[PDB]
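Listing of upload-v1.cif, mmCIF, N, CA and C atoms and all ligand atoms
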data_structure
#
loop_
_atom_site.label_atom_id
_atom_site.label_comp_id
_atom_site.auth_asym_id
_atom_site.auth_seq_id
_atom_site.Cartn_x
_atom_site.Cartn_y
_atom_site.Cartn_z
N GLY A 13 9.08 -5.26 10.47
CA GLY A 13 8.56 -4.97 9.12
C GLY A 13 8.19 -3.49 8.98
N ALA A 14 7.78 -3.09 7.77
CA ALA A 14 7.41 -1.71 7.52
C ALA A 14 6.20 -1.29 8.37
N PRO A 15 5.13 -2.10 8.52
CA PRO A 15 3.99 -1.69 9.35
C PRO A 15 4.34 -1.48 10.82
N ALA A 16 5.30 -2.25 11.33
CA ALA A 16 5.80 -2.05 12.68
C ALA A 16 6.35 -0.64 12.83
N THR A 17 7.31 -0.32 11.95
CA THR A 17 7.93 1.00 11.83
C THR A 17 6.87 2.11 11.77
N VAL A 18 5.73 1.87 11.07
CA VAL A 18 4.65 2.84 11.01
C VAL A 18 3.93 2.97 12.36
N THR A 19 3.61 1.83 12.99
CA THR A 19 3.02 1.82 14.32
C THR A 19 3.96 2.51 15.31
N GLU A 20 5.27 2.54 15.03
CA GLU A 20 6.25 3.02 16.00
C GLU A 20 6.54 4.51 15.76
N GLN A 21 6.82 4.91 14.51
CA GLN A 21 7.31 6.25 14.22
C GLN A 21 6.29 7.08 13.43
N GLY A 22 5.21 6.46 12.95
CA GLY A 22 4.33 7.09 11.97
C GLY A 22 3.48 8.23 12.55
N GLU A 23 3.23 9.24 11.72
CA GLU A 23 2.45 10.41 12.09
C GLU A 23 0.95 10.10 11.98
N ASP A 24 0.19 10.48 13.02
CA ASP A 24 -1.26 10.36 13.01
C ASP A 24 -1.85 11.54 12.27
N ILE A 25 -2.48 11.24 11.12
CA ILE A 25 -2.93 12.27 10.21
C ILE A 25 -4.46 12.33 10.22
N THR A 26 -5.10 11.65 11.17
CA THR A 26 -6.54 11.83 11.35
C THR A 26 -6.83 13.18 12.02
N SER A 27 -8.08 13.61 11.86
CA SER A 27 -8.54 14.87 12.45
C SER A 27 -8.85 14.69 13.93
N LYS A 28 -9.52 13.57 14.25
CA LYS A 28 -9.86 13.24 15.62
C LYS A 28 -8.63 12.80 16.42
N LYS A 29 -7.50 12.62 15.72
CA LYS A 29 -6.26 12.17 16.35
C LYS A 29 -6.51 10.85 17.07
N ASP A 30 -7.07 9.87 16.35
CA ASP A 30 -7.42 8.59 16.92
C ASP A 30 -6.49 7.49 16.39
N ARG A 31 -5.43 7.87 15.67
CA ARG A 31 -4.45 6.92 15.15
C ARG A 31 -5.09 5.90 14.18
N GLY A 32 -6.20 6.27 13.53
CA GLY A 32 -6.84 5.41 12.54
C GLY A 32 -6.09 5.37 11.21
N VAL A 33 -5.24 6.37 10.99
CA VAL A 33 -4.43 6.48 9.79
C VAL A 33 -3.07 7.04 10.20
N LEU A 34 -2.03 6.20 10.09
CA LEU A 34 -0.66 6.58 10.41
C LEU A 34 0.17 6.59 9.13
N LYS A 35 1.15 7.51 9.05
CA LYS A 35 1.85 7.80 7.81
C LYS A 35 3.35 7.90 8.05
N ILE A 36 4.14 7.25 7.18
CA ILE A 36 5.54 7.61 7.02
C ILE A 36 5.85 7.94 5.57
N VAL A 37 6.57 9.05 5.38
CA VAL A 37 7.16 9.40 4.10
C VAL A 37 8.43 8.56 3.94
N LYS A 38 8.50 7.76 2.88
CA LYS A 38 9.68 6.92 2.64
C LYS A 38 10.56 7.57 1.58
N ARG A 39 9.99 8.13 0.50
CA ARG A 39 10.78 8.94 -0.41
C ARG A 39 10.06 10.28 -0.57
N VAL A 40 10.81 11.36 -0.35
CA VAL A 40 10.32 12.73 -0.40
C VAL A 40 9.96 13.11 -1.83
N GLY A 41 8.84 13.81 -1.99
CA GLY A 41 8.43 14.33 -3.30
C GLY A 41 9.10 15.66 -3.62
N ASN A 42 8.56 16.35 -4.64
CA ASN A 42 9.07 17.63 -5.09
C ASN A 42 7.88 18.53 -5.42
N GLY A 43 8.10 19.84 -5.40
CA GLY A 43 7.00 20.78 -5.39
C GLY A 43 6.52 20.99 -3.96
N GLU A 44 5.65 21.98 -3.77
CA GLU A 44 5.12 22.28 -2.45
C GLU A 44 3.63 21.91 -2.44
N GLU A 45 3.03 21.67 -3.61
CA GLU A 45 1.58 21.60 -3.74
C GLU A 45 1.11 20.16 -3.57
N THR A 46 0.11 19.97 -2.70
CA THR A 46 -0.47 18.67 -2.40
C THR A 46 -1.91 18.70 -2.89
N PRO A 47 -2.41 17.61 -3.50
CA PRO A 47 -3.65 17.69 -4.26
C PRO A 47 -4.83 18.24 -3.47
N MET A 48 -5.68 19.01 -4.15
CA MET A 48 -6.89 19.57 -3.59
C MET A 48 -8.05 18.64 -3.90
N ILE A 49 -9.16 18.81 -3.16
CA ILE A 49 -10.32 17.97 -3.36
C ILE A 49 -10.85 18.20 -4.77
N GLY A 50 -11.17 17.08 -5.44
CA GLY A 50 -11.68 17.14 -6.79
C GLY A 50 -10.59 16.87 -7.83
N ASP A 51 -9.32 17.04 -7.45
CA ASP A 51 -8.21 16.79 -8.37
C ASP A 51 -8.22 15.33 -8.86
N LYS A 52 -7.81 15.13 -10.13
CA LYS A 52 -7.62 13.80 -10.69
C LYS A 52 -6.21 13.34 -10.33
N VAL A 53 -6.10 12.15 -9.72
CA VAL A 53 -4.88 11.73 -9.06
C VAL A 53 -4.43 10.38 -9.61
N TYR A 54 -3.12 10.25 -9.88
CA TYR A 54 -2.51 9.05 -10.47
C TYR A 54 -1.51 8.45 -9.47
N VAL A 55 -1.70 7.18 -9.07
CA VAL A 55 -0.78 6.54 -8.14
C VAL A 55 -0.40 5.13 -8.62
N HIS A 56 0.75 4.65 -8.13
CA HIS A 56 0.98 3.22 -7.95
C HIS A 56 0.85 2.88 -6.47
N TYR A 57 0.41 1.66 -6.16
CA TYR A 57 0.34 1.21 -4.78
C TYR A 57 0.64 -0.28 -4.66
N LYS A 58 0.96 -0.70 -3.42
CA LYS A 58 0.95 -2.08 -3.00
C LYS A 58 0.20 -2.12 -1.68
N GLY A 59 -0.75 -3.04 -1.57
CA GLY A 59 -1.61 -3.13 -0.40
C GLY A 59 -1.57 -4.54 0.18
N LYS A 60 -1.85 -4.65 1.48
CA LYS A 60 -2.04 -5.95 2.12
C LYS A 60 -2.88 -5.79 3.38
N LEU A 61 -3.53 -6.90 3.77
CA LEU A 61 -4.24 -7.01 5.02
C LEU A 61 -3.19 -7.29 6.07
N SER A 62 -3.47 -6.88 7.32
CA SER A 62 -2.62 -7.24 8.45
C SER A 62 -2.60 -8.74 8.70
N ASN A 63 -3.59 -9.48 8.17
CA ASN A 63 -3.67 -10.90 8.46
C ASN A 63 -2.72 -11.67 7.54
N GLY A 64 -2.07 -10.98 6.58
CA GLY A 64 -1.03 -11.55 5.73
C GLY A 64 -1.57 -12.49 4.64
N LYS A 65 -2.89 -12.51 4.42
CA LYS A 65 -3.52 -13.54 3.62
C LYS A 65 -4.02 -12.97 2.28
N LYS A 66 -3.84 -11.67 2.01
CA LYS A 66 -4.20 -11.09 0.72
C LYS A 66 -3.32 -9.87 0.42
N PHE A 67 -2.78 -9.86 -0.81
CA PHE A 67 -1.97 -8.77 -1.32
C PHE A 67 -2.51 -8.28 -2.66
N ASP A 68 -2.10 -7.07 -3.04
CA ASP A 68 -2.65 -6.43 -4.23
C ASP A 68 -1.74 -5.27 -4.59
N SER A 69 -1.39 -5.18 -5.87
CA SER A 69 -0.57 -4.09 -6.38
C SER A 69 -1.14 -3.64 -7.71
N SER A 70 -1.17 -2.30 -7.92
CA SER A 70 -1.48 -1.68 -9.20
C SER A 70 -0.62 -2.25 -10.33
N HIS A 71 0.66 -2.55 -10.04
CA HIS A 71 1.56 -3.08 -11.06
C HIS A 71 1.00 -4.37 -11.66
N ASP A 72 0.35 -5.21 -10.83
CA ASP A 72 -0.27 -6.45 -11.29
C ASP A 72 -1.22 -6.18 -12.46
N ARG A 73 -1.99 -5.09 -12.37
CA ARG A 73 -2.93 -4.70 -13.42
C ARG A 73 -2.19 -4.00 -14.55
N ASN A 74 -0.91 -3.64 -14.32
CA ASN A 74 -0.05 -3.05 -15.34
C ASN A 74 -0.61 -1.69 -15.76
N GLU A 75 -1.04 -0.88 -14.78
CA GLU A 75 -1.37 0.51 -15.05
C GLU A 75 -1.55 1.29 -13.75
N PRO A 76 -1.37 2.63 -13.78
CA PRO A 76 -1.70 3.48 -12.65
C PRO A 76 -3.13 3.28 -12.18
N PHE A 77 -3.34 3.34 -10.86
CA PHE A 77 -4.66 3.53 -10.29
C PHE A 77 -5.00 5.02 -10.32
N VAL A 78 -6.20 5.34 -10.83
CA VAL A 78 -6.61 6.72 -11.08
C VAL A 78 -7.94 6.96 -10.36
N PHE A 79 -8.07 8.13 -9.71
CA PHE A 79 -9.27 8.44 -8.95
C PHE A 79 -9.36 9.96 -8.71
N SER A 80 -10.58 10.42 -8.44
CA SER A 80 -10.84 11.80 -8.06
C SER A 80 -10.80 11.90 -6.54
N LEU A 81 -9.90 12.76 -6.05
CA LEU A 81 -9.59 12.86 -4.64
C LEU A 81 -10.77 13.49 -3.91
N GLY A 82 -11.13 12.87 -2.77
CA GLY A 82 -12.12 13.42 -1.88
C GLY A 82 -13.55 13.18 -2.35
N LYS A 83 -13.75 12.30 -3.35
CA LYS A 83 -15.08 12.09 -3.92
C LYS A 83 -15.60 10.70 -3.54
N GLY A 84 -15.00 10.08 -2.52
CA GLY A 84 -15.51 8.83 -1.96
C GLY A 84 -15.29 7.61 -2.86
N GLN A 85 -14.43 7.71 -3.89
CA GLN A 85 -14.21 6.60 -4.78
C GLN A 85 -13.20 5.62 -4.23
N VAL A 86 -12.47 6.01 -3.16
CA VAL A 86 -11.61 5.13 -2.40
C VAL A 86 -12.00 5.17 -0.93
N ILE A 87 -11.40 4.31 -0.10
CA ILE A 87 -11.55 4.38 1.35
C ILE A 87 -11.03 5.73 1.86
N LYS A 88 -11.64 6.19 2.97
CA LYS A 88 -11.44 7.50 3.55
C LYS A 88 -9.97 7.75 3.86
N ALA A 89 -9.27 6.73 4.33
CA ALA A 89 -7.84 6.82 4.60
C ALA A 89 -7.05 7.27 3.38
N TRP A 90 -7.50 6.88 2.17
CA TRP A 90 -6.79 7.32 0.97
C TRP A 90 -7.07 8.78 0.67
N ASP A 91 -8.33 9.19 0.78
CA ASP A 91 -8.70 10.58 0.59
C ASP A 91 -7.87 11.47 1.53
N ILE A 92 -7.76 11.10 2.80
CA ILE A 92 -6.99 11.86 3.77
C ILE A 92 -5.49 11.74 3.47
N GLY A 93 -5.02 10.51 3.22
CA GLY A 93 -3.60 10.22 3.13
C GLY A 93 -2.99 10.85 1.89
N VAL A 94 -3.63 10.61 0.75
CA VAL A 94 -3.06 11.07 -0.51
C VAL A 94 -3.10 12.59 -0.58
N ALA A 95 -4.07 13.25 0.09
CA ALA A 95 -4.13 14.70 0.12
C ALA A 95 -2.91 15.31 0.81
N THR A 96 -2.17 14.52 1.59
CA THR A 96 -0.95 15.01 2.25
C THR A 96 0.29 14.77 1.40
N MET A 97 0.18 14.14 0.21
CA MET A 97 1.37 13.78 -0.55
C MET A 97 1.72 14.80 -1.64
N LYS A 98 3.03 14.84 -1.98
CA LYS A 98 3.57 15.65 -3.06
C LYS A 98 3.86 14.77 -4.29
N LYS A 99 3.90 15.40 -5.48
CA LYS A 99 4.32 14.75 -6.71
C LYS A 99 5.67 14.08 -6.44
N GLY A 100 5.76 12.77 -6.69
CA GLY A 100 7.02 12.05 -6.59
C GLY A 100 7.19 11.32 -5.25
N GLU A 101 6.37 11.68 -4.25
CA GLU A 101 6.41 11.10 -2.92
C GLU A 101 6.01 9.61 -2.95
N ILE A 102 6.71 8.84 -2.10
CA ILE A 102 6.29 7.52 -1.66
C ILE A 102 6.06 7.58 -0.15
N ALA A 103 4.90 7.08 0.28
CA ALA A 103 4.51 7.03 1.68
C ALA A 103 4.06 5.63 2.06
N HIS A 104 4.14 5.30 3.36
CA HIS A 104 3.49 4.13 3.92
C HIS A 104 2.33 4.57 4.81
N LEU A 105 1.17 3.90 4.68
CA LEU A 105 0.03 4.14 5.56
C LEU A 105 -0.41 2.85 6.25
N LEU A 106 -0.65 2.91 7.57
CA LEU A 106 -1.28 1.85 8.35
C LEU A 106 -2.65 2.33 8.82
N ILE A 107 -3.69 1.54 8.52
CA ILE A 107 -5.06 2.00 8.55
C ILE A 107 -5.95 1.07 9.38
N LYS A 108 -6.57 1.59 10.45
CA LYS A 108 -7.57 0.85 11.23
C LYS A 108 -8.92 0.79 10.50
N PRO A 109 -9.81 -0.19 10.85
CA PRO A 109 -11.02 -0.46 10.08
C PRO A 109 -11.99 0.69 9.92
N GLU A 110 -11.98 1.67 10.82
CA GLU A 110 -12.95 2.77 10.77
C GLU A 110 -12.66 3.69 9.58
N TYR A 111 -11.43 3.67 9.04
CA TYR A 111 -11.04 4.45 7.87
C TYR A 111 -10.85 3.57 6.62
N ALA A 112 -11.27 2.31 6.71
CA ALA A 112 -11.19 1.38 5.61
C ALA A 112 -12.57 0.73 5.41
N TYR A 113 -12.79 -0.53 5.77
CA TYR A 113 -14.02 -1.24 5.39
C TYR A 113 -14.89 -1.57 6.61
N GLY A 114 -14.48 -1.13 7.79
CA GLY A 114 -15.35 -1.09 8.95
C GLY A 114 -15.64 -2.49 9.46
N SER A 115 -16.73 -2.58 10.23
CA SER A 115 -17.11 -3.85 10.82
C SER A 115 -17.77 -4.75 9.78
N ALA A 116 -18.31 -4.16 8.71
CA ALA A 116 -18.96 -4.98 7.69
C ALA A 116 -17.90 -5.65 6.80
N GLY A 117 -16.72 -5.05 6.68
CA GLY A 117 -15.72 -5.56 5.75
C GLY A 117 -16.25 -5.46 4.31
N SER A 118 -15.61 -6.19 3.39
CA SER A 118 -16.06 -6.25 2.01
C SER A 118 -15.88 -7.69 1.54
N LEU A 119 -16.78 -8.54 2.03
CA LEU A 119 -16.61 -9.97 2.04
C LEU A 119 -16.68 -10.54 0.63
N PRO A 120 -15.87 -11.59 0.33
CA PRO A 120 -14.87 -12.10 1.26
C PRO A 120 -13.49 -11.47 1.13
N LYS A 121 -13.33 -10.51 0.21
CA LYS A 121 -12.06 -9.86 -0.10
C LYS A 121 -11.40 -9.17 1.10
N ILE A 122 -12.19 -8.42 1.86
CA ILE A 122 -11.68 -7.73 3.03
C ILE A 122 -12.53 -8.25 4.19
N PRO A 123 -11.97 -8.94 5.21
CA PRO A 123 -12.81 -9.44 6.30
C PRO A 123 -13.25 -8.32 7.23
N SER A 124 -14.19 -8.62 8.13
CA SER A 124 -14.68 -7.61 9.07
C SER A 124 -13.57 -7.13 10.01
N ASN A 125 -13.60 -5.82 10.27
CA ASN A 125 -12.71 -5.13 11.20
C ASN A 125 -11.24 -5.39 10.87
N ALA A 126 -10.89 -5.30 9.59
CA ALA A 126 -9.53 -5.49 9.13
C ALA A 126 -8.71 -4.20 9.16
N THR A 127 -7.43 -4.32 9.54
CA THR A 127 -6.41 -3.29 9.37
C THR A 127 -5.65 -3.51 8.06
N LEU A 128 -5.39 -2.44 7.31
CA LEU A 128 -4.73 -2.45 6.00
C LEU A 128 -3.43 -1.64 6.05
N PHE A 129 -2.49 -2.06 5.20
CA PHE A 129 -1.20 -1.43 4.97
C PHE A 129 -1.07 -1.14 3.47
N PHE A 130 -0.60 0.07 3.16
CA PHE A 130 -0.32 0.48 1.81
C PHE A 130 1.04 1.18 1.76
N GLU A 131 1.71 0.89 0.64
CA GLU A 131 2.78 1.71 0.10
C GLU A 131 2.20 2.40 -1.13
N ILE A 132 2.27 3.73 -1.14
CA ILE A 132 1.71 4.56 -2.19
C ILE A 132 2.80 5.47 -2.78
N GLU A 133 2.85 5.54 -4.12
CA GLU A 133 3.61 6.53 -4.87
C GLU A 133 2.66 7.46 -5.63
N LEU A 134 2.73 8.77 -5.35
CA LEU A 134 1.94 9.76 -6.06
C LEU A 134 2.66 10.20 -7.34
N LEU A 135 2.07 9.86 -8.49
CA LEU A 135 2.75 10.03 -9.77
C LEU A 135 2.53 11.44 -10.31
N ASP A 136 1.27 11.88 -10.31
CA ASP A 136 0.85 13.15 -10.87
C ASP A 136 -0.54 13.46 -10.30
N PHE A 137 -0.99 14.71 -10.45
CA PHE A 137 -2.36 15.08 -10.12
C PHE A 137 -2.72 16.31 -10.95
N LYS A 138 -3.95 16.31 -11.47
CA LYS A 138 -4.44 17.34 -12.37
C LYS A 138 -5.71 17.97 -11.79
N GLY A 139 -5.89 19.27 -12.02
CA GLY A 139 -7.17 19.92 -11.80
C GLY A 139 -8.26 19.32 -12.69
N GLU A 140 -9.40 18.99 -12.08
CA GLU A 140 -10.59 18.65 -12.85
C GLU A 140 -11.00 19.85 -13.74
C1 LIG B 1 -8.30 -4.05 -7.42
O1 LIG B 1 -9.32 -4.63 -6.55
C2 LIG B 1 -9.52 -4.17 -5.28
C3 LIG B 1 -8.51 -3.79 -4.42
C4 LIG B 1 -8.75 -3.35 -3.10
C5 LIG B 1 -10.09 -3.32 -2.67
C6 LIG B 1 -11.12 -3.77 -3.55
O2 LIG B 1 -12.43 -3.74 -3.26
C7 LIG B 1 -12.94 -3.89 -1.96
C8 LIG B 1 -10.84 -4.13 -4.85
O3 LIG B 1 -11.86 -4.54 -5.70
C9 LIG B 1 -12.45 -3.70 -6.69
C10 LIG B 1 -11.65 -2.38 -6.92
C11 LIG B 1 -12.29 -1.28 -6.06
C12 LIG B 1 -11.32 -0.05 -5.82
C13 LIG B 1 -11.95 0.77 -4.75
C14 LIG B 1 -11.88 0.15 -3.34
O4 LIG B 1 -10.52 -0.09 -2.85
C15 LIG B 1 -9.90 0.95 -2.17
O5 LIG B 1 -10.51 1.98 -1.86
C16 LIG B 1 -8.54 0.72 -1.75
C17 LIG B 1 -7.58 1.93 -2.14
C18 LIG B 1 -7.27 1.87 -3.62
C19 LIG B 1 -6.56 0.56 -3.94
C20 LIG B 1 -7.46 -0.51 -3.76
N1 LIG B 1 -7.98 -0.54 -2.32
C21 LIG B 1 -8.03 -1.69 -1.64
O6 LIG B 1 -8.55 -1.63 -0.52
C22 LIG B 1 -7.63 -2.93 -2.23
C23 LIG B 1 -7.23 -4.05 -1.18
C24 LIG B 1 -7.04 -5.37 -1.84
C25 LIG B 1 -7.00 -6.44 -0.81
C26 LIG B 1 -5.75 -6.11 0.07
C27 LIG B 1 -5.90 -4.74 0.72
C28 LIG B 1 -5.98 -3.67 -0.31
#
Mind turning the file's structure into structure tokens?
Ligand SMILES: COc1cc2cc(OC)c1OCCCCCCOC(=O)[C@@H]1CCCCN1C(=O)[C@H]2C1CCCCC1
Amino acid sequence: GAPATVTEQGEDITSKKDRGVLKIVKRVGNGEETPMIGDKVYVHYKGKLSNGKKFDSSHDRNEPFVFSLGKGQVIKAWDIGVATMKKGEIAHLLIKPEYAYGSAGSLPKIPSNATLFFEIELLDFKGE
């Protein structure tokens, strides 16, 4: 599956280099500029738990997911991950619990010490 491929070939984009966030670019973006902290960011995504028991896509809500990058409004893996993306890029991220919902989880939606997988498309990003 795609998460296997990420565990196998994916780049470790953490600072501590602890493999808590692994990344593959699946479709290359355009431009050279990757969003700065504070930028308003527009994405589509598809997410799932490694346990295979919960899925979630922005498309289900029928609109872009929108957030301010680096302002803690998403899990840390997204702040780190999306900051590496270009306009038009699609990436896969595999995420250990320390960069997602930790040992507490977010019950019952995200269980304790869960690993997450996302496919993310970066649509646009604007200066605040
Ligand atoms: C759309 O609903 C949710 C989707 C996720 C997590 C949630 O809260 C814990 C959700 O509930 C309320 C929305 C909160 C959005 C902020 C918290 O979620 C997040 O930071 C990450 C990254 C942005 C997309 C949503 N997200 C999620 O973790 C989803 C998960 C949904 C359950 C499967 C794994 C993904």
Could you produce a table of the residues of chain A lying within 10 Å of ligand LIG 1 (chain B), with the nearest pair of atoms per residue and their separation in Å rounded to one decimal, using only C-alpha atoms and all ligand atoms, ordered by chain and increasing residue number, as JSON lines?
{"residue": "A:55", "atom": "CA", "partner": "B:LIG1", "partner_atom": "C18", "distance": 9.2}
{"residue": "A:56", "atom": "CA", "partner": "B:LIG1", "partner_atom": "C19", "distance": 8.9}
{"residue": "A:57", "atom": "CA", "partner": "B:LIG1", "partner_atom": "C19", "distance": 7.0}
{"residue": "A:58", "atom": "CA", "partner": "B:LIG1", "partner_atom": "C28", "distance": 7.6}
{"residue": "A:59", "atom": "CA", "partner": "B:LIG1", "partner_atom": "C28", "distance": 4.4}
{"residue": "A:60", "atom": "CA", "partner": "B:LIG1", "partner_atom": "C26", "distance": 4.2}
{"residue": "A:61", "atom": "CA", "partner": "B:LIG1", "partner_atom": "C27", "distance": 5.1}
{"residue": "A:62", "atom": "CA", "partner": "B:LIG1", "partner_atom": "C27", "distance": 8.8}
{"residue": "A:63", "atom": "CA", "partner": "B:LIG1", "partner_atom": "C26", "distance": 9.9}
{"residue": "A:64", "atom": "CA", "partner": "B:LIG1", "partner_atom": "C26", "distance": 9.2}
{"residue": "A:65", "atom": "CA", "partner": "B:LIG1", "partner_atom": "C26", "distance": 8.5}
{"residue": "A:66", "atom": "CA", "partner": "B:LIG1", "partner_atom": "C26", "distance": 5.3}
{"residue": "A:67", "atom": "CA", "partner": "B:LIG1", "partner_atom": "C26", "distance": 4.8}
{"residue": "A:68", "atom": "CA", "partner": "B:LIG1", "partner_atom": "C24", "distance": 5.1}
{"residue": "A:69", "atom": "CA", "partner": "B:LIG1", "partner_atom": "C1", "distance": 7.8}
{"residue": "A:70", "atom": "CA", "partner": "B:LIG1", "partner_atom": "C1", "distance": 7.4}
{"residue": "A:72", "atom": "CA", "partner": "B:LIG1", "partner_atom": "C1", "distance": 9.2}
{"residue": "A:73", "atom": "CA", "partner": "B:LIG1", "partner_atom": "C1", "distance": 8.1}
{"residue": "A:77", "atom": "CA", "partner": "B:LIG1", "partner_atom": "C19", "distance": 7.3}
{"residue": "A:78", "atom": "CA", "partner": "B:LIG1", "partner_atom": "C18", "distance": 8.9}
{"residue": "A:79", "atom": "CA", "partner": "B:LIG1", "partner_atom": "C18", "distance": 8.7}
{"residue": "A:84", "atom": "CA", "partner": "B:LIG1", "partner_atom": "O5", "distance": 8.5}
{"residue": "A:85", "atom": "CA", "partner": "B:LIG1", "partner_atom": "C13", "distance": 6.3}
{"residue": "A:86", "atom": "CA", "partner": "B:LIG1", "partner_atom": "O5", "distance": 3.4}
{"residue": "A:87", "atom": "CA", "partner": "B:LIG1", "partner_atom": "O5", "distance": 4.1}
{"residue": "A:88", "atom": "CA", "partner": "B:LIG1", "partner_atom": "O5", "distance": 7.8}
{"residue": "A:89", "atom": "CA", "partner": "B:LIG1", "partner_atom": "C17", "distance": 8.3}
{"residue": "A:90", "atom": "CA", "partner": "B:LIG1", "partner_atom": "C17", "distance": 6.3}
{"residue": "A:91", "atom": "CA", "partner": "B:LIG1", "partner_atom": "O5", "distance": 9.1}
{"residue": "A:112", "atom": "CA", "partner": "B:LIG1", "partner_atom": "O6", "distance": 7.3}
{"residue": "A:113", "atom": "CA", "partner": "B:LIG1", "partner_atom": "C7", "distance": 7.9}
{"residue": "A:117", "atom": "CA", "partner": "B:LIG1", "partner_atom": "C7", "distance": 8.4}
{"residue": "A:118", "atom": "CA", "partner": "B:LIG1", "partner_atom": "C7", "distance": 5.6}
{"residue": "A:119", "atom": "CA", "partner": "B:LIG1", "partner_atom": "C7", "distance": 8.2}
{"residue": "A:120", "atom": "CA", "partner": "B:LIG1", "partner_atom": "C7", "distance": 9.0}
{"residue": "A:121", "atom": "CA", "partner": "B:LIG1", "partner_atom": "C25", "distance": 6.1}
{"residue": "A:122", "atom": "CA", "partner": "B:LIG1", "partner_atom": "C25", "distance": 6.2}
{"residue": "A:123", "atom": "CA", "partner": "B:LIG1", "partner_atom": "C25", "distance": 9.7}
{"residue": "A:126", "atom": "CA", "partner": "B:LIG1", "partner_atom": "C27", "distance": 9.2}
{"residue": "A:127", "atom": "CA", "partner": "B:LIG1", "partner_atom": "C27", "distance": 8.8}
{"residue": "A:128", "atom": "CA", "partner": "B:LIG1", "partner_atom": "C27", "distance": 5.9}
{"residue": "A:129", "atom": "CA", "partner": "B:LIG1", "partner_atom": "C27", "distance": 7.1}
{"residue": "A:130", "atom": "CA", "partner": "B:LIG1", "partner_atom": "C28", "distance": 7.3}
{"residue": "A:132", "atom": "CA", "partner": "B:LIG1", "partner_atom": "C19", "distance": 9.4}
_Taking the DSSP secondary structure from the backbone, can you list the residues of chain A that are strand (DSSP E or B), as JSON, numbers by chain?_
{"A": [23, 24, 33, 34, 35, 36, 37, 38, 39, 52, 53, 54, 55, 56, 57, 58, 59, 60, 61, 67, 68, 69, 77, 78, 79, 80, 102, 103, 104, 105, 106, 107, 118, 122, 128, 129, 130, 131, 132, 133, 134, 135, 136, 137, 138]}
*Selected residue of minimal separation from residue A:76 among A:94, A:109, A:53, A:22, counting only N, CA and C atoms*: A:53
*Would you mind reading off the distance between atom CA of residue A:133 and atom CA of residue A:38, one decimal, in Å?*
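Interatomic distance here is 9.7 Å.
Interatomic distance, atom C of residue A:140 against atom N of residue A:43: 20.8 Å.
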